[PDB]
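A structural walkthrough
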Amino acid sequence: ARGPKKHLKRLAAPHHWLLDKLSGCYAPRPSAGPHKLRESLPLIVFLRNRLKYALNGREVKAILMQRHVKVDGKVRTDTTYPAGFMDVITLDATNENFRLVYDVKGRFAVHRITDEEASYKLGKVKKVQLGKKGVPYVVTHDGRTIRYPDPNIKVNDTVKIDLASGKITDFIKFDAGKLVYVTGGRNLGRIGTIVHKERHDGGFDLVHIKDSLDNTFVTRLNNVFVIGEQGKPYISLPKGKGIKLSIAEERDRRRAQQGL
Amino acid sequence: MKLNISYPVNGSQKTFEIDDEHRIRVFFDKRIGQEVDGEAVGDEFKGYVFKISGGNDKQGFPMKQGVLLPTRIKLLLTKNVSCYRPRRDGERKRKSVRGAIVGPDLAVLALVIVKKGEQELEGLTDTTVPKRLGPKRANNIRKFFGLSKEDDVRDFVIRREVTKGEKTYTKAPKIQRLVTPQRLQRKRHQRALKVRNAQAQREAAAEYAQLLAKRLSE
Amino acid sequence: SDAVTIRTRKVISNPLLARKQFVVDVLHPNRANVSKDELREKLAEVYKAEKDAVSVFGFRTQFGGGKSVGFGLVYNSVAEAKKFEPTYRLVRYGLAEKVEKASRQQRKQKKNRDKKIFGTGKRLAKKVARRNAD
RNA sequence: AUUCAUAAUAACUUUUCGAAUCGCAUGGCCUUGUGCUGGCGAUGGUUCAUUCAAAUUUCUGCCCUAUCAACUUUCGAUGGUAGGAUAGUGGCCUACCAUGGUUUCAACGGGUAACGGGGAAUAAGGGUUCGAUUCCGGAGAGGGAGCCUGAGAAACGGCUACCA
RNA sequence: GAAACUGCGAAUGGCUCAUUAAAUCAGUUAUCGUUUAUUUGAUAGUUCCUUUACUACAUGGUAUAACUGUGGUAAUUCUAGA
């Protein structure tokens, strides 16, 4: 096409933004960044399509010009920034400490955290590599890069890096028993266990998972995201917990929790 | 034709109307940049000598240096070359143009005086036209007033007074390349940060090696 | 003109814009209408503005009438309102002056005309004026 | 899973890079220079990674036609060796060598009033017809070829030649 | 703060569907077969010289527009000299 696309149409946007068919032709086209745009969420969306603190991109960009935001400990003023999973976002003037994570519906759940735990996030490890000068370095799901880690970290693990210094802290491996978040697909948002792994060398290893309800479900390895140990979340969890109700049970909860 | 001559020492420029066939013929067969003594062309110009600079044809098409064969021609063109303003970058374009060479197809021709003759040329030689700017860079000022490395040019600078309707005020340029305590602070920042970060990375690698030593100890 | 049960629903405090944003629900049962400026007055009268930090704009009436619904804002600092809110509402409220600018195609024609003239112009000018003189 | 990552060694380089750049600020300490230090943020820059992409690419899949049964290698058709060229693999191209490759499980050719798909209509089921057109992908900017710029174009509301 | 120089972009978008019959295209792979402006994260003590009478580093140089004014052309997003 003689070049990349600086545009995005509505009805091509991610369905998990809960936008409308209508209100125009075009849509925000997330900028470059750590989070892949289908995997991501814009600032305007978190605000204007999840918070309703504002209406228009005018108001949004005005707010960002006021520098009202940090993101993982840093301001970012692009309306089309690609926010995403396990981000940390904090507001000062309202003193809101958020963290980005899906619903069990796979929708980027509004999970408010405290001032602490807006002091730590996780990074699942994409690759660890013997960088040059013999240096070891390693990168994360959220587009960062660190050197001199703990070497016992290995691929597919996660780590509790701190936030702003960087600075890996104690971390979590991948073996039987651990606790997990799901980051893609039909089981998206779900939470469970390691119960076994179906290693398929050459490609597409899978992981059998079991939620608290002994609902088993098996997923792609790459969508795996360790989050602590079983009965031991290293973070704060939203509502729903990746427990994956039936629509029947959901209905039941609607009509029941409705009333009084 | 008409003749457009400059006296660069004054900054003067002046046009004349030269319709004597015989005096005009003195320039045929010549090219740009050749020198010619205008004594044949006027006792007023006796002793004067001029270097051929340029000319336009009877339809406005110009000449150019090294573009021979005294006629009109289309050439493809680029940036950093006269007779053409490239409009968007990369653009290369064809245009017509007249030859380098003197010929009767030139309503106008333009020169610059090389050497002054005996006479004076009133409108051009008499008037002394001023240069529009002075130096701007500090080193330019330094050469311009014969200043040392130390001489503190700041006061030497030119200023231009300007009246409001009554309120007069001076205006002057803004020195670039000037050394300042800020620039010194900047290099200070840079140097300090460089060696600091180096030693930071050094000790980090040290801790890493320590851990590694324990791993083999175990 | 019997009375008005105006109500303010869905109240949010917005420190990152320094405003209170809510939904106006008017029960104006046998009047006709709404009249935003009257609303402006009652709304500074019930939260606090000194009217002009309050903005209101989606005030459609129910089928049959007697009720209208819109959105309402009350900002902190009328100056802050005057910097954040857009100018068409300020002119609607008389709190600003709508600029008298030219039509789009006139501006465009002008741009396309000036798309030819390299540079200052006034030296294009002294020579087009001389050559035109003769 | 690698001649990977990376390191080290000996040399090479019309020598790449390593900040002569810009805005807010003003601090300290004396050996009192204008000393030496010293914050905030702005833009740039090597490599790596990421992101946005792009390019090639595996497998399966298409309407009619045998009144197209043979096709493919003049001049690369299939493959090998080496080389160039490319961002880069590759007959992509060039050299030498081979004689292979496809085909009734329909090739090759021809037609299509053929851009494909998402889908639309029709309604038992099974199906039939259409789908240029609000999304995705692809091609084109009167027809063709070439090309600079630029990370990215064979651009066309950019250029060059021809044809109309 | 006109104007211009510099920088970026103008290759997106929008329009149409002529071509195109394993070709595009759908789904599905792959790059241990490649490039990647931008965004983001990190990333730079060594740059000199037969190594005492050394070499702007408190920073080194021109070459040009914008500008001047000389002008040209039936005519243009034409442009010449100084």
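Residues numbered from 1 in each chain as written, not as in the entry; some residues may be left out. Chains lettered and ligands numbered in written order. Part of a larger assembly, values for the part shown. Heavy atoms only, no water.

The deposited coordinates for this entry were obtained by cryo-EM, with a reported resolution of 5.3 Å.

1. Here's the deal with the packing of helix 1 (residues 43–51) of chain A against helix 2 (residues 57–65) of chain A
Residues and elements named next belong to chain A. Running from N to C, helix 1 and helix 2 cross one another at 120 degrees; their axes reach a closest spacing of 10 Å. As far as their axial angle goes, helix 2 and helix 1 are oblique. Note that helix 1 runs across helix 2; the crossing there is right-handed. Residue-level contacts link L43, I44 and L47 of helix 1 to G57, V60, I63 and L64 of helix 2. The residue inventory of the contact of helix 1 with helix 2, partitioned by class, reads 6 nonpolar, 1 polar and no charged. (Axes fitted to C-alpha atoms, helices over the stretch in contact; angles between N-to-C directions. Helix = DSSP H or I, 4+ residues; strand = E, 2+ residues; numbered from the N terminus. Parallel < 35°, antiparallel > 145°, perpendicular 65-115°, else oblique. Left-handed = near helix turned anticlockwise from the far one by under 90°. Contact = heavy atoms within 4.5 Å. Nonpolar A, V, L, I, M, F, W, Y, C, P; charged D, E, K, R; others polar.)

2. A closer look at the pattern of salt bridges
Two side chains bearing opposite charge may form a pair once their charged atoms approach each other closely. Residues and elements named next belong to chain A. If you walk through the whole model with that rule in mind, you get 26 salt bridges over all chains. A salt bridge links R190 to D211, with the nearest nitrogen and oxygen atoms 3.8 Å apart. Taken as a pair, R190 in the loop between strand 10 (179–182) and strand 11 (191–192) and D211 in the loop between strand 13 (206–210) and strand 14 (216–220) lie far apart in primary sequence, 21 residues in all. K210 is the partner of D214 in a salt bridge, and the nearest nitrogen-oxygen pair spans 3.4 Å. Counted as one network, the salt bridges with shared partners bring together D72, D87, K121, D142 and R144. (Salt bridge = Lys/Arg side-chain N within 4 Å of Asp/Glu carboxyl O.)

3. Comments concerning the nonpolar core
Core analysis: the biggest nonpolar cluster contains 46 residues, and A:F85, A:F174, A:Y181, A:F225 and A:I227 have the highest contact counts within it. Within the residue set of this core, elements represented by two or more residues are helix 1, helix 2, strand 3 (97–102), strand 10, strand 13 and strand 15 (224–229) of chain A. It is helix 1 of chain A that provides the largest number of residues to this core, a total of 5 residues. Shared between two domains, this core holds at least three residues of each, these being domain 1 (1–116) and domain 3 (174–244) of chain A. Residues in contact with A:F174, not counting those within four places in the same chain, are A:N156, A:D157, A:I194, A:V207, A:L221, A:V224 and A:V226. Membership of the second largest hydrophobic core comes to 26 residues, among which are B:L3, B:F50, B:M63 and B:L111. (Core = buried A, V, L, I, M, F, W, Y, C linked by side-chain atoms within 4.5 Å. Buried < 20%, exposed > 50% of the residue type's maximum accessible area, 1.4 Å probe, protein only. Domains from an automatic or database assignment.)

4. Focus on the sheet that holds strand 4 (residues 49–56) of chain B
Residue and element names in this part refer to chain B. Taken in spatial order, the 5 strands line up as 2-1-7-4-3 in an open sheet, and their pairing is mixed. Looking along the sheet, the strands with just one partner apiece sit at the ends: strand 2 (12–17) and strand 3 (35–37). Put simply, the sheet's adjacent strands are angled 35 degrees from each other on average, direction ignored. The sheet contact formed by strand 1 (residues 2–7) and strand 2 spans 6 bridges and is antiparallel. (Pairing = 2+ DSSP bridges.)

5. As for helix 2 of chain A
Residues and elements named next belong to chain A. Where helix 2 is concerned, the buried positions are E59, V60, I63 and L64. The buried residues of helix 2 occupy one face: seen down the axis, they fall within an arc of 135 degrees. Seen from the open side of helix 2, the exposed residues pointing more than 90 degrees away from its buried face are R58 and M65. In the stretch just after helix 2, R67 is the one whose phi turns positive, near 60 degrees. (Arc of directions from axis to C-beta.)

6. Looking at the protein's contact with RNA strand D
Residues in close proximity to RNA strand D total 36 residues, the closest being A:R2, A:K9, A:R29, B:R92 and B:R183. Take the atoms of RNA strand D that sit within 4 Å of the protein: sugar and phosphate atoms are 75% of them. Here a sugar or linking oxygen of RNA strand D sits 2.5 Å away from a polar atom, N or O, in the side chain of A:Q129. Side-chain polar atom of B:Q182 to a base nitrogen of RNA strand D: 2.9 Å apart, as the coordinates give it. When residues of the surface near RNA strand D are traced back to their parent elements, those giving at least two are strand 5 (123–130) and strand 6 (136–140) of chain A together with strand 6 (93–98) and helix 4 (181–217) of chain B. When residues of the surface near RNA strand D are assigned to their parent elements, the largest contribution, 7 residues, is made by helix 4 of chain B. (Near = heavy atom within 4 Å. Polar contact = N/O pair within 3.5 Å; in protein donor to acceptor, adjacent residues only side chain to side chain.)

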